[PDB]
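Below you'll find the structure, written out as structure tokens, and then a few comments.
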Amino acid sequence: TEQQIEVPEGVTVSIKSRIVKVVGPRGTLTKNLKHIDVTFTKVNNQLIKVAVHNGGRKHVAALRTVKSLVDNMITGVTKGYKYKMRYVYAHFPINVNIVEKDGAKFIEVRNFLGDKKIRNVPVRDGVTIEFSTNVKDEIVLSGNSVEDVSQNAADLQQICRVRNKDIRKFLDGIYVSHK
RNA sequence: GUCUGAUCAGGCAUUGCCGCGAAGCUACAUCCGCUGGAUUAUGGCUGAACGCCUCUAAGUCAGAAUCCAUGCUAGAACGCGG
């Protein structure tokens, strides 16, 4: 089938082959968007329209999602999402520095479990990670994208997953709060 | 023990006669030794198939000795080539 997605006043959508751009005051975000047959390069003024002729189970998947991610990219570049995690610790005081001053496209977790060491991961695109107010448990991501924003949830969770000691007993772990 | 005439001074000979070191070599001994790339279980990330949902169909990431290259020898098919 075919679907329609509009664009408001202070946003400019521009799909140009599979390469998409959505423009907003936070940033301008690129991903790709094109499956088998389906042509999303049909800009009818405001309405960007996905259209395909064929159907089928796995085929209808890439009809909806290319429609969805342009609505999600406008919410990302305009408003900004907030994906939610928390630093948890058992006894030892888990210490964090953020992507400002010291962190030059990296975040850090030190004193995870009983580390004298450090478990380090980089960060993705133009994500303005809002850790703390004064001090908080919660770290909360926000950026210009949708994907790259919560990718800094993935970055931070996997690098210090509770592996070498058990997750069940030892409660040093930065788990997800909710999507 | 015997010969060189004898004494004597010198030789053969009995495994290097048998008793004790340093050339020449060595240990029971001396010296030395881990770079980048590709990805899996697994966990997530945006988002489906399928009004909700979730790692995959579009889209997109973190990730294992071994894998793989660093380190040393070599008939362009590898000793290049001035």
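How things are named: the first chain in the structure tokens is A, the next is B, and so on; residues count from 1 in each chain; ligands count from 1 in the order shown.
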
Could you list, as a PDB file with C-alpha atoms (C1' of nucleotides), in the first residue's frame, every residue of chain B that has an atom within 6 Å of an atom of chain A, counting only C-alpha atoms (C1' of nucleotides)?
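result-v3.pdb, freshly written:
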```pdb
ATOM      1  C1'   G B  44      20.765  -4.076  23.992  1.00  0.00           C
ATOM      2  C1'   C B  45      19.391   0.373  20.609  1.00  0.00           C
ATOM      3  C1'   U B  46      15.624   2.636  17.330  1.00  0.00           C
ATOM      4  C1'   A B  48       8.640  -4.009  12.447  1.00  0.00           C
ATOM      5  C1'   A B  49       6.324  -8.656  10.850  1.00  0.00           C
ATOM      6  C1'   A B  57      12.291  -7.450   7.433  1.00  0.00           C
ATOM      7  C1'   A B  58      14.102  -1.354   6.436  1.00  0.00           C
ATOM      8  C1'   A B  62      28.607  -2.883  21.976  1.00  0.00           C
TER       9        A B  62
END
```

Inset, instruction - Could you tell me, as a VMD selection string, which residues of region 27-81 of chain A DSSP assigns to strand (DSSP E) when given the backbone? - result: chain A and resid 28 to 32 43 to 44 47 to 51

Legend entry - Shell of 9 Å around residue 70 (chain B), only C-alpha atoms (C1' of nucleotides), local chain residues under 6 positions omitted, as a list in words: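 So the residues in contact are residues 34, 35 and 36 of chain B.
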
Atoms to include: C-alpha atoms (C1' of nucleotides). Write the selected residues as a PDB file, in the first residue's frame.
```pdb
ATOM      1  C1'   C B  34      52.793 -10.564  22.188  1.00  0.00           C
ATOM      2  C1'   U B  35      50.361  -5.701  16.786  1.00  0.00           C
ATOM      3  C1'   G B  36      46.336  -4.488  14.225  1.00  0.00           C
TER       4        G B  36
END
```

Inset, instruction - Output as a PyMOL selection string all residues of chain A that backbone DSSP marks as helix (DSSP H, G or I). - result: chain A and resi 57-78+147-158
